[PDB]
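Taking it in order: structure first as structure tokens, then the write-up.
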Amino acid sequence: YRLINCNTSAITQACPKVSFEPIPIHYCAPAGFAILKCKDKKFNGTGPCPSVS
Amino acid sequence: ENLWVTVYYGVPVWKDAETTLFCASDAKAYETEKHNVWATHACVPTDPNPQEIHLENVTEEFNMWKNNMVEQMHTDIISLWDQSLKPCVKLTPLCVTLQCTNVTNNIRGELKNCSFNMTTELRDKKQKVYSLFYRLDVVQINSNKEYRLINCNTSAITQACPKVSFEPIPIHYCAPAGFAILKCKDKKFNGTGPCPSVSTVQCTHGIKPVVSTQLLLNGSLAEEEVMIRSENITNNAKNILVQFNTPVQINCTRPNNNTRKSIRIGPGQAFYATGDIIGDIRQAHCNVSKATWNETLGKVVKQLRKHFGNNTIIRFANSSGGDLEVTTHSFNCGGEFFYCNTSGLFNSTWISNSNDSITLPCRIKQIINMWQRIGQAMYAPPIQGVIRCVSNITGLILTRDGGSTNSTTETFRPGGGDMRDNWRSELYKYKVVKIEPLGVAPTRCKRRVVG
Amino acid sequence: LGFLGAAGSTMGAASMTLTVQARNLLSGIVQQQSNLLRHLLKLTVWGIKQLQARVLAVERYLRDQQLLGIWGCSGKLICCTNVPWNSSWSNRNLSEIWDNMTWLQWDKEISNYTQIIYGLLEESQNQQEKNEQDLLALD
Amino acid sequence: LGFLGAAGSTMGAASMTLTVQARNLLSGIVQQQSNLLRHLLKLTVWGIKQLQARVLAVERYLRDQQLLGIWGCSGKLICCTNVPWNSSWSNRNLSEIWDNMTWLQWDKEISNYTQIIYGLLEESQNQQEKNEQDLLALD
Amino acid sequence: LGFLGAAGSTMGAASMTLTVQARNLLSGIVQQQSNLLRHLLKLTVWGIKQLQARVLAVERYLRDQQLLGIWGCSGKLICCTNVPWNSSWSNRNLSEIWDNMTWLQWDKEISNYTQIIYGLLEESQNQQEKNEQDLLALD
Ligand SMILES: *[C@@H]1O[C@H](CO)[C@@H](O[C@@H]2O[C@H](CO)[C@@H](O[C@@H]3O[C@H](CO[C@H]4O[C@H](CO[C@H]5O[C@H](CO)[C@@H](O)[C@H](O)[C@@H]5O)[C@@H](O)[C@H](O[C@H]5O[C@H](CO)[C@@H](O)[C@H](O)[C@@H]5O)[C@@H]4O)[C@@H](O)[C@H](O[C@H]4O[C@H](CO)[C@@H](O)[C@H](O)[C@@H]4O)[C@@H]3O)[C@H](O)[C@H]2NC(C)=O)[C@H](O)[C@H]1NC(C)=O
Ligand SMILES: *[C@@H]1O[C@H](CO)[C@@H](O[C@@H]2O[C@H](CO)[C@@H](O[C@@H]3O[C@H](CO[C@H]4O[C@H](CO[C@H]5O[C@H](CO)[C@@H](O)[C@H](O)[C@@H]5O)[C@@H](O)[C@H](O[C@H]5O[C@H](CO)[C@@H](O)[C@H](O)[C@@H]5O)[C@@H]4O)[C@@H](O)[C@H](O[C@H]4O[C@H](CO)[C@@H](O)[C@H](O)[C@@H]4O)[C@@H]3O)[C@H](O)[C@H]2NC(C)=O)[C@H](O)[C@H]1NC(C)=O
Ligand SMILES: *[C@@H]1O[C@H](CO)[C@@H](O[C@@H]2O[C@H](CO)[C@@H](O[C@@H]3O[C@H](CO[C@H]4O[C@H](CO[C@H]5O[C@H](CO)[C@@H](O)[C@H](O)[C@@H]5O)[C@@H](O)[C@H](O[C@H]5O[C@H](CO[C@H]6O[C@H](CO)[C@@H](O)[C@H](O)[C@@H]6O)[C@@H](O)[C@H](O)[C@@H]5O)[C@@H]4O)[C@@H](O)[C@H](O)[C@@H]3O)[C@H](O)[C@H]2NC(C)=O)[C@H](O)[C@H]1NC(C)=O
Ligand SMILES: *[C@@H]1O[C@H](CO)[C@@H](O[C@@H]2O[C@H](CO)[C@@H](O[C@@H]3O[C@H](CO[C@H]4O[C@H](CO)[C@@H](O)[C@H](O)[C@@H]4O)[C@@H](O)[C@H](O[C@H]4O[C@H](CO)[C@@H](O)[C@H](O)[C@@H]4O)[C@@H]3O)[C@H](O)[C@H]2NC(C)=O)[C@H](O)[C@H]1NC(C)=O
Ligand SMILES: *[C@@H]1O[C@H](CO)[C@@H](O[C@@H]2O[C@H](CO)[C@@H](O[C@@H]3O[C@H](CO[C@H]4O[C@H](CO[C@H]5O[C@H](CO)[C@@H](O)[C@H](O)[C@@H]5O)[C@@H](O)[C@H](O)[C@@H]4O)[C@@H](O)[C@H](O)[C@@H]3O)[C@H](O)[C@H]2NC(C)=O)[C@H](O)[C@H]1NC(C)=O
Ligand SMILES: *[C@@H]1O[C@H](CO)[C@@H](O[C@@H]2O[C@H](CO)[C@@H](O[C@@H]3O[C@H](CO)[C@@H](O)[C@H](O[C@H]4O[C@H](CO)[C@@H](O)[C@H](O)[C@@H]4O)[C@@H]3O)[C@H](O)[C@H]2NC(C)=O)[C@H](O)[C@H]1NC(C)=O
Ligand SMILES: *[C@@H]1O[C@H](CO)[C@@H](O[C@@H]2O[C@H](CO)[C@@H](O[C@@H]3O[C@H](CO[C@H]4O[C@H](CO)[C@@H](O)[C@H](O)[C@@H]4O)[C@@H](O)[C@H](O)[C@@H]3O)[C@H](O)[C@H]2NC(C)=O)[C@H](O)[C@H]1NC(C)=O
Ligand SMILES: *[C@@H]1O[C@H](CO)[C@@H](O[C@@H]2O[C@H](CO)[C@@H](O[C@@H]3O[C@H](CO[C@H]4O[C@H](CO)[C@@H](O)[C@H](O)[C@@H]4O)[C@@H](O)[C@H](O)[C@@H]3O)[C@H](O)[C@H]2NC(C)=O)[C@H](O)[C@H]1NC(C)=O
Ligand SMILES: *[C@@H]1O[C@H](CO)[C@@H](O[C@@H]2O[C@H](CO)[C@@H](O[C@@H]3O[C@H](CO)[C@@H](O)[C@H](O)[C@@H]3O)[C@H](O)[C@H]2NC(C)=O)[C@H](O)[C@H]1NC(C)=O
Ligand SMILES: *[C@@H]1O[C@H](CO)[C@@H](O)[C@H](O)[C@H]1NC(C)=O
Ligand SMILES: *[C@@H]1O[C@H](CO)[C@@H](O)[C@H](O)[C@H]1NC(C)=O
Ligand SMILES: *[C@@H]1O[C@H](CO)[C@@H](O)[C@H](O)[C@H]1NC(C)=O
Ligand SMILES: *[C@@H]1O[C@H](CO)[C@@H](O)[C@H](O)[C@H]1NC(C)=O
Ligand SMILES: *[C@@H]1O[C@H](CO)[C@@H](O)[C@H](O)[C@H]1NC(C)=O
């Protein structure tokens, strides 16, 4: 037998003490910018949202 | 007279300083073929409108040899080249004993059929495959000849990326806020001096990083008869740049039909060896219109007349001393690196007041480390298919006549010893300045008394 | 006109325009909002030269604009001062400089003691003048 | 009130507040003085996005604040100008715009020739007005 | 005199100088125009600490200078305001603070409600005062 990846690309072991658990990451704007939130519960695809924040 | 001081913000005054500039170019490679070695994956786009103002009444003094835009150019290309080789396949396993043979003398032989032993995908097993290499790129060791790569002796080796264009595309140098680039609009500009016609363009013209030796390609030419610039004429030692007024056309082509042989050396990595040649072996060549060349060489000796002993004997010799790769017209074309014999162009001498076309023999090298950089060399993979370059030749580089103390005559042989002079052929007219908007001047004017 | 269009003309002409130089001093079409828009590492040599050039852009603008604020001249482009002109600086007369020297030449004529003028400038127009409210702000 | 609280209200209301937008324009709690405080390589992808965002922060603030300084309006938040309004820009009347269009709609109504207004703005209020001292600064 | 030379002296003395602190606040001889001038990788640890320090330099200067602009005090170094002083802040009297507390001590005496003063500051001097033109700008 042979590893399936040695045929293709290289290989690198994941670090032993690294958590792959997803934790909340927040995206926020730069000065002079703002993020608009669609507070409209029903929002078929995309369109004009009456309730913006 | 109670003269009071008054401040003025935005005064047009500047002092010679050199700051960091940056790149500018519009839609170039894009979707069909990208990954240019110079323009990277993104350069700041150039504005479609170029801003040039004919600064009136001003006579700023330029200097093209003490100008730092050419040195900023030099260290940028080096750092730009090394960044385009750093993430690729390193060819350290390519250093093994090579047993090579000639090709079809038919008992004409300048390439060798090399068999050697090399690691495969699995580290445990090994594999033997053939490959062709050009001469001089390999050397013997001590019945059956035995060879070794010329760079395994010296520094390491790294293969050039397979899908990377080494074609020079126009790169624009432009100033930072509070700075401006001054353009010498004076057609005749002997060496450097006070230029009567200045402009303060925000962005230079289209500058192509033509990696060339001895002779320049795709450059800029002023309208007057050929210009001659030296940091110092009569210091036989300093090299000589030459700007034409009309460029000559030289086309080059490699008739070899190289096949691509990809052999893996471990995972993901794949060495691109020259395959087996298809068709009879033909040496690479360069065409020069002999008619067009004879007059370009003549206009120079006419301009050189008024700069070297007036009317006397001016000869042209073949390079003179030096190494094989710096005394020939080296350059890149399509990805393969040519080295053409210039002794056929610098042999005539004229003094005292369908068509034939000169051709130049050229050899090819795949192992290269340019700018005399002894750090790390690179292997240029063979370009599969046909090769043809067609670029104007616009500039020249000349050198000494030894140390003839006064005497009878002067000879100038080519010697593109350095790479930074190539860009000086494009930057003779530019110089950046630092705007100082703060000026104070007196006038009989004062603001309110109390406040 | 144009950027530095009057750089070679007399000082009286540069006095007349002047904004064209001041306008094109901080922001440029050259910067062009960066990003490629329209490989995924922006650590390239180009990004280093650009950002260090965008910094010295506002670093040099704010270094000079801070000088206008401590002289009471922040809001305007040309303000008069209450510092008398000292004859040791220049012996030339009123119409002799504004019509015969050009600014380019003038900056070389004061560059020796130019910093000394700046020192006296903070004093008479904002160290005393802004202080003079003490008596007049309210009695 | 609040940041952009009157973005949908009439132009007369945005005229009334306005600072809340201008205040939260340069500095943010979001920047929060960087550093972890409380591996030793800060070359991470996050540090690149933050610093390039802190630059365009002041780069966009100073690009607009430089415009206020060349109009004589640097010290204040709302200044009047000596440029007459040209009827080709809008045909609507005084109370017809301030009570019926909202700013969001208005920016789209002038965006065609907005740059042309800016050009005339540097002239009448600071190219001539700051020059007018020549006769009045001292006689 | 000197930078912070009156930091320990009474508030009346810091009132008298003050510029020496304000002058040496944005630009420094320490920055010294970077570059070696006179290996080819400037990604060194030093270049990272310098540039991030040049940013917070103007980031902290503009964060405070933006406050002076929204109070109508941008052009000057000391401006008076139309906000009455509220006795709950300090019970001490006019000559009792300016001659007995020093600024270093004073910043600790107001740091509790200092942000509340800043809020009232934008209102009386620029939210109403710049608005008051409505009646007086033209009748
Ligand atoms: C969608 O979201 C869900 C929900 O978040 C998510 O599911 C979570 O997934 C993460 C991993 O991705 C889980 O976290 C791991 O938990 C491992 C197992 O231990 C868990 O349970 C412990 C129970 O403790 C109780 O009972 C014990 C006795 O039994 C008692 O001592 C305790 O006091 C307590 O009453 C819990 O303790 C533990 O974590 C905390 O406490 C322990 C000490 O008690 C401490 O050591 C921990 O650091 C932590 O403070 C944990 O909740 C755990 O092993 C693992 O890694 C840690 O431990 C290993 C073991 O060697 C270490 O090597 C490593 O260094 C770490 O310290 C990690 O913590 C989590 O439990 C899941 N759900 C829950 C319940 O929250 C999904 O993944 C998400 N979706 C996707 C995309 O997957
Ligand atoms: C000084 O300046 C000169 C002048 O610029 C410069 O010389 C140029 O050098 C560059 C390389 O450095 C040359 O560009 C290469 O051209 C390769 C060959 O193909 C060329 O010619 C094609 C002809 O097409 C016509 O005819 C065909 C049928 O024959 C027809 O289908 C076409 O419609 C047309 O009528 C031309 O098409 C081609 O390029 C364009 O179009 C093709 C498709 O038609 C498209 O695939 C290309 O991407 C491009 O849009 C080209 O001009 C070419 O192989 C090579 O690389 C590309 O192709 C390879 C092949 O596999 C790909 O692997 C790779 O990914 C690329 O896509 C590259 O394009 C250029 O031709 C020279 N001169 C000219 C004429 O401009 C000097 O080098 C400079 N000095 C120095 C320092 O050297
Ligand atoms: C750079 O270097 C590389 C180095 O690898 C070059 O690549 C190499 O190029 C050469 C070109 O010659 C290739 O050699 C070829 O080998 C194949 C495969 O071998 C089979 O045929 C052999 C035939 O014998 C050869 O030599 C005799 C000598 O007189 C010739 O007459 C004959 O024509 C052949 O050239 C067999 O020996 C071999 O053995 C087994 O099968 C046999 C099948 O029958 C053959 O032999 C009988 C006699 O026994 C004949 O009657 C019959 O006609 C036939 O020839 C069987 O008999 C035997 O018992 C075994 O079972 C194989 O079948 C040949 O087909 C080609 O003719 C040629 O010899 C190398 O293979 C090739 N390298 C590699 C990777 O393998 C590269 O070319 C070079 N650069 C350039 C310029 O490209
Ligand atoms: C070797 O030298 C020969 C002779 O110069 C070259 O053949 C010329 O190649 C050049 C460029 O490769 C051609 O030059 C220019 O073509 C322009 C195209 O027109 C317009 O649109 C393009 C694309 O948007 C614009 O870039 C361009 O500015 C134009 O708006 C012409 O319009 C140019 O002519 C006149 O105006 C320009 C505008 O600034 C001036 O700069 C020119 O000096 C000129 O006054 C110009 O002609 C040219 O057509 C080809 N022929 C000739 C006889 O010049 C080879 O290409 C060259 N080889 C190499 C690689 O160096
Ligand atoms: C690639 O890597 C290899 C291994 O590391 C390098 O070494 C050489 O590899 C070649 C094969 O390509 C060897 O040559 C072959 O040897 C075969 C058998 O070797 C043994 O017997 C030899 C004498 O031959 C007698 O016995 C054979 C048995 O088949 C008979 O056929 C003969 O008629 C004789 O009776 C001895 O010399 C050898 O030591 C062994 O005992 C032989 O059958 C093949 O015909 C061929 O000759 C070679 O021996 C290896 N070593 C040497 C000295 O080079 C190789 O160098 C690497 N790359 C290169 C440069 O090729
Ligand atoms: C500098 O230029 C001069 C010319 O200006 C040049 O001198 C010429 O050199 C050529 C090539 O060596 C000479 O041509 C040869 O003449 C001899 C007889 O004298 C012939 O036998 C030769 O013919 C053979 O070789 C030809 C190719 O070179 C083949 O095509 C042919 O079939 C034969 O095999 C050949 O014609 C020429 O005689 C001189 N002289 C002149 C005036 O032309 C000089 O060599 C150049 N120097 C350098 C180093 O560039
Ligand atoms: C979410 O809800 C949105 C709001 O309704 C949807 O947007 C609507 O999308 C439709 C289709 O894209 C737009 O246009 C429609 O066009 C059809 C076709 O008209 C033509 O053919 C009919 C017969 O088939 C014929 O009678 C007509 O005369 C035409 O020849 C019309 O039949 C519809 O009435 C309608 O005009 C809507 O305009 C658009 N609404 C708007 C303005 O928001 C959206 O598609 C929904 N989905 C998603 C994913 O967002
Ligand atoms: C481009 O053109 C420029 C403008 O002409 C050139 O600049 C000139 O360069 C020369 C030499 O550097 C300067 O000085 C010259 O000096 C010689 C030597 O004078 C002495 O010896 C002679 C006899 O040999 C004697 O007669 C004298 O009394 C001296 O003892 C003089 O002979 C020349 O007349 C001249 O003074 C020029 O001053 C300078 N011109 C200026 C001011 O621009 C430049 O060299 C040219 N080349 C390049 C590459 O830029
Ligand atoms: C470079 O290689 C090219 C071919 O790929 C050679 O170009 C060709 O040169 C001939 C010279 O006679 C040109 O012939 C004439 O061109 C004129 C226009 O200039 C035309 O009116 C005539 O009918 C005749 O075709 C030919 O056009 C030209 N081909 C092109 C498209 O450039 C070139 O000569 C080689 N360089 C050298 C050293 O000569
Ligand atoms: C160039 O000239 C030298 C003599 O100076 C000569 O020995 C040599 O063979 C010639 N050819 C080349 C290209 O070196
Ligand atoms: C040979 O070159 C000359 C000059 O360039 C040209 O006029 C002539 O047309 C060319 N050949 C012929 C005979 O057509
Ligand atoms: C100008 O100032 C210098 C330095 O204090 C002084 O020496 C000179 O006498 C002054 N000239 C006058 C009278 O303005
Ligand atoms: C407004 O300015 C434009 C452009 O100069 C001009 O065409 C138009 O007549 C002007 N309208 C008036 C009278 O204000
Ligand atoms: C000062 O303001 C506080 C908070 O509004 C208030 O409680 C206090 O009574 C005020 N004091 C006076 C009368 O200025």
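Identifiers for the structure tokens are assigned positionally: chains receive A, B, ... in sequence, residues are indexed from 1 per chain, and ligands are indexed from 1 in the order shown.
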Residues within 12 Å of residue 117 (chain D), only C-alpha atoms, excluding chain neighbours under 6 positions, as a compact mmCIF listing (two decimals) with N, CA and C atoms, in the first residue's frame:
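Contents of out35.txt, as written:
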# COMPACT_ATOMS: atom_id res chain seq x y z
N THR D 81 -21.36 79.94 2.53
CA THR D 81 -20.44 80.24 1.45
C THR D 81 -20.96 81.42 0.64
N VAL D 83 -20.88 81.51 -2.69
CA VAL D 83 -21.13 81.01 -4.04
C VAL D 83 -22.64 81.05 -4.28
N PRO D 84 -23.13 81.81 -5.25
CA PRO D 84 -24.56 81.81 -5.53
C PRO D 84 -25.01 80.46 -6.08
N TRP D 85 -26.23 80.08 -5.75
CA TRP D 85 -26.77 78.81 -6.25
C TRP D 85 -27.28 78.99 -7.67
N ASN D 86 -26.85 78.09 -8.55
CA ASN D 86 -27.15 78.15 -9.97
C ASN D 86 -28.38 77.29 -10.25
N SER D 88 -29.62 75.79 -12.72
CA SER D 88 -29.51 74.56 -13.51
C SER D 88 -29.30 73.34 -12.63
N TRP D 89 -28.88 73.53 -11.38
CA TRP D 89 -28.64 72.40 -10.49
C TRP D 89 -29.96 71.78 -10.04
N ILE D 110 -27.49 65.50 -6.89
CA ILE D 110 -26.38 66.39 -7.23
C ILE D 110 -25.12 65.64 -7.64
N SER D 111 -25.10 64.30 -7.53
CA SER D 111 -23.89 63.53 -7.78
C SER D 111 -23.34 63.72 -9.19
N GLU D 123 -13.00 78.72 -4.94
CA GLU D 123 -12.71 80.02 -5.54
C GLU D 123 -13.33 81.15 -4.72
N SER D 124 -14.66 81.19 -4.67
CA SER D 124 -15.34 82.39 -4.16
C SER D 124 -15.11 82.60 -2.67
Handout entry: Close residues to ligand 10 using only C-alpha atoms and all ligand atoms, limit 9 Å, as number ranges by chain
Key = B: 317-322, 324, 327-328, 341-344
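Atom pair CA of residue 18 (chain C) / CA of residue 105 (chain C) has a distance of 16.8 Å (rounded to one decimal).
Atom to atom, CA of residue 65 (chain E) and CA of residue 30 (chain A) stand 19.0 Å apart.
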Compile the contact shell of residue 14 (chain B) as an mmCIF file with N, CA and C atoms, in the first residue's frame: residues with an atom at most 6 Å away, counting only C-alpha atoms, same-chain residues fewer than 2 positions apart removed.
data_model
loop_
_atom_site.group_PDB
_atom_site.id
_atom_site.type_symbol
_atom_site.label_atom_id
_atom_site.label_comp_id
_atom_site.auth_asym_id
_atom_site.auth_seq_id
_atom_site.Cartn_x
_atom_site.Cartn_y
_atom_site.Cartn_z
ATOM 1 N N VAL B 433 11.228 65.045 -6.467
ATOM 2 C CA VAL B 433 11.481 66.171 -5.575
ATOM 3 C C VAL B 433 10.428 66.197 -4.476
ATOM 4 N N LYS B 434 10.787 66.815 -3.352
ATOM 5 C CA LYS B 434 9.926 66.906 -2.177
ATOM 6 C C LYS B 434 9.307 68.296 -2.103
ATOM 7 N N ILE B 435 7.980 68.364 -2.227
ATOM 8 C CA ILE B 435 7.285 69.643 -2.150
ATOM 9 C C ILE B 435 7.266 70.128 -0.706
ATOM 10 N N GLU B 436 7.551 71.418 -0.512
ATOM 11 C CA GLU B 436 7.498 72.061 0.802
ATOM 12 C C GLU B 436 6.469 73.182 0.742
#
Problem - Test item: chain E residues at most 10 Å from chain B, counting only C-alpha atoms, as an MDAnalysis selection string - result: chainID E and resid 33 35 37 40:41
Problem - chain A residues near chain B (7 Å cut-off, only C-alpha atoms) as an NGL selection string - result: :A and (6-10)
Problem - Spatial neighbours of residue 78 (chain D), max dist 10 Å, only C-alpha atoms, sep filter under 2 positions, as a list in words - result: residues 15, 18, 68, 73, 74, 75, 76, 80 and 81 of chain D; 126, 127, 130, 131 and 133 of chain E
Handout entry: Surrounding residues of residue 181 (chain B) excluding itself and chain neighbours under 3 positions, 12 Å, only C-alpha atoms, as a PyMOL selection string
Key = (chain B and resi 14-19+21+51-53+55+60+62+67+69+172-178+184+198-205+427+429-435) or (chain C and resi 3-4)
Using only C-alpha atoms and all ligand atoms, which protein or nucleic acid residues are at most 10 Å from ligand 1, as a PDB file with N, CA and C atoms, in the first residue's frame?
ATOM      1  N   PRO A  16      -0.151  19.365  17.251  1.00  0.00           N
ATOM      2  CA  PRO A  16      -0.791  18.476  18.233  1.00  0.00           C
ATOM      3  C   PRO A  16      -1.751  19.196  19.161  1.00  0.00           C
ATOM      4  N   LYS A  17      -1.435  20.424  19.555  1.00  0.00           N
ATOM      5  CA  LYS A  17      -2.241  21.173  20.511  1.00  0.00           C
ATOM      6  C   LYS A  17      -2.884  22.366  19.807  1.00  0.00           C
ATOM      7  N   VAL A  18      -3.806  22.059  18.897  1.00  0.00           N
ATOM      8  CA  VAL A  18      -4.549  23.067  18.149  1.00  0.00           C
ATOM      9  C   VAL A  18      -6.017  22.669  18.133  1.00  0.00           C
ATOM     10  N   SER A  19      -6.884  23.593  18.539  1.00  0.00           N
ATOM     11  CA  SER A  19      -8.317  23.342  18.600  1.00  0.00           C
ATOM     12  C   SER A  19      -8.952  23.720  17.269  1.00  0.00           C
ATOM     13  N   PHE A  20      -9.627  22.760  16.640  1.00  0.00           N
ATOM     14  CA  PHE A  20     -10.392  23.019  15.430  1.00  0.00           C
ATOM     15  C   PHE A  20     -11.853  23.335  15.729  1.00  0.00           C
ATOM     16  N   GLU A  21     -12.151  23.786  16.942  1.00  0.00           N
ATOM     17  CA  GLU A  21     -13.522  24.088  17.335  1.00  0.00           C
ATOM     18  C   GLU A  21     -13.916  25.475  16.841  1.00  0.00           C
ATOM     19  N   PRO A  22     -15.048  25.613  16.152  1.00  0.00           N
ATOM     20  CA  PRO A  22     -15.476  26.941  15.687  1.00  0.00           C
ATOM     21  C   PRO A  22     -15.963  27.789  16.853  1.00  0.00           C
ATOM     22  N   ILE A  23     -15.356  28.957  17.013  1.00  0.00           N
ATOM     23  CA  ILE A  23     -15.748  29.908  18.049  1.00  0.00           C
ATOM     24  C   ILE A  23     -16.238  31.168  17.350  1.00  0.00           C
TER      25      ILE A  23
END
Handout entry: Contact residues (chain E, partner chain C, 12 Å, only C-alpha atoms) as a VMD selection string
Key = chain E and resid 12 14 to 29 31 to 35 40 to 43 47 to 48 50 to 59 61 to 62 65 68 to 69 72 to 81
Using only C-alpha atoms and all ligand atoms, find each protein or nucleic acid residue lying at most 8 Å from ligand 4; present the set as a PDB file with N, CA, C and O atoms, in the first residue's frame.
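Result written to out-v2.pdb:
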ATOM      1  N   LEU B 217      16.714  46.736 -25.349  1.00  0.00           N
ATOM      2  CA  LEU B 217      15.554  46.405 -26.162  1.00  0.00           C
ATOM      3  C   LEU B 217      14.321  47.109 -25.615  1.00  0.00           C
ATOM      4  O   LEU B 217      14.189  47.288 -24.403  1.00  0.00           O
ATOM      5  N   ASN B 218      13.426  47.517 -26.520  1.00  0.00           N
ATOM      6  CA  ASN B 218      12.113  48.055 -26.152  1.00  0.00           C
ATOM      7  C   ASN B 218      12.224  49.291 -25.255  1.00  0.00           C
ATOM      8  O   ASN B 218      11.439  49.477 -24.322  1.00  0.00           O
ATOM      9  N   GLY B 219      13.195  50.158 -25.548  1.00  0.00           N
ATOM     10  CA  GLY B 219      13.461  51.326 -24.737  1.00  0.00           C
ATOM     11  C   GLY B 219      12.880  52.602 -25.324  1.00  0.00           C
ATOM     12  O   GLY B 219      12.137  52.597 -26.307  1.00  0.00           O
ATOM     13  N   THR B 246      16.151  56.024 -34.066  1.00  0.00           N
ATOM     14  CA  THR B 246      15.311  55.012 -34.682  1.00  0.00           C
ATOM     15  C   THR B 246      15.828  53.641 -34.262  1.00  0.00           C
ATOM     16  O   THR B 246      17.036  53.368 -34.381  1.00  0.00           O
ATOM     17  N   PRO B 247      14.969  52.763 -33.756  1.00  0.00           N
ATOM     18  CA  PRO B 247      15.433  51.443 -33.327  1.00  0.00           C
ATOM     19  C   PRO B 247      15.573  50.481 -34.495  1.00  0.00           C
ATOM     20  O   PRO B 247      14.867  50.573 -35.502  1.00  0.00           O
ATOM     21  N   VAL B 248      16.506  49.550 -34.345  1.00  0.00           N
ATOM     22  CA  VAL B 248      16.683  48.459 -35.294  1.00  0.00           C
ATOM     23  C   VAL B 248      15.826  47.288 -34.838  1.00  0.00           C
ATOM     24  O   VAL B 248      15.534  47.133 -33.648  1.00  0.00           O
ATOM     25  N   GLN B 249      15.397  46.464 -35.786  1.00  0.00           N
ATOM     26  CA  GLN B 249      14.584  45.294 -35.486  1.00  0.00           C
ATOM     27  C   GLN B 249      15.454  44.053 -35.606  1.00  0.00           C
ATOM     28  O   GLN B 249      16.055  43.810 -36.659  1.00  0.00           O
ATOM     29  N   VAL B 390      10.677  38.993 -31.308  1.00  0.00           N
ATOM     30  CA  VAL B 390      10.784  40.103 -32.258  1.00  0.00           C
ATOM     31  C   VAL B 390      10.798  41.485 -31.566  1.00  0.00           C
ATOM     32  O   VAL B 390       9.857  42.258 -31.738  1.00  0.00           O
ATOM     33  N   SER B 391      11.884  41.843 -30.878  1.00  0.00           N
ATOM     34  CA  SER B 391      11.961  43.132 -30.159  1.00  0.00           C
ATOM     35  C   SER B 391      12.922  44.185 -30.751  1.00  0.00           C
ATOM     36  O   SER B 391      13.979  43.836 -31.277  1.00  0.00           O
ATOM     37  N   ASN B 392      12.548  45.468 -30.663  1.00  0.00           N
ATOM     38  CA  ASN B 392      13.364  46.542 -31.206  1.00  0.00           C
ATOM     39  C   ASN B 392      14.584  46.551 -30.300  1.00  0.00           C
ATOM     40  O   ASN B 392      14.506  46.217 -29.116  1.00  0.00           O
ATOM     41  N   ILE B 393      15.717  46.952 -30.865  1.00  0.00           N
ATOM     42  CA  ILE B 393      16.925  47.225 -30.099  1.00  0.00           C
ATOM     43  C   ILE B 393      17.130  48.733 -30.104  1.00  0.00           C
ATOM     44  O   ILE B 393      17.289  49.346 -31.167  1.00  0.00           O
TER      45      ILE B 393
END
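Selecting all polymer residues at most 8 Å from ligand 11, using only C-alpha atoms and all ligand atoms, gives residues 291, 292, 354, 355 and 356 of chain B.
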Practice task
Set the cut-off to 8 Å, count only C-alpha atoms and all ligand atoms, and list whatever residues fall near ligand 9 as number ranges by chain.
Solution key: B: 249-252, 286-290, 354-355, 357-359, 390
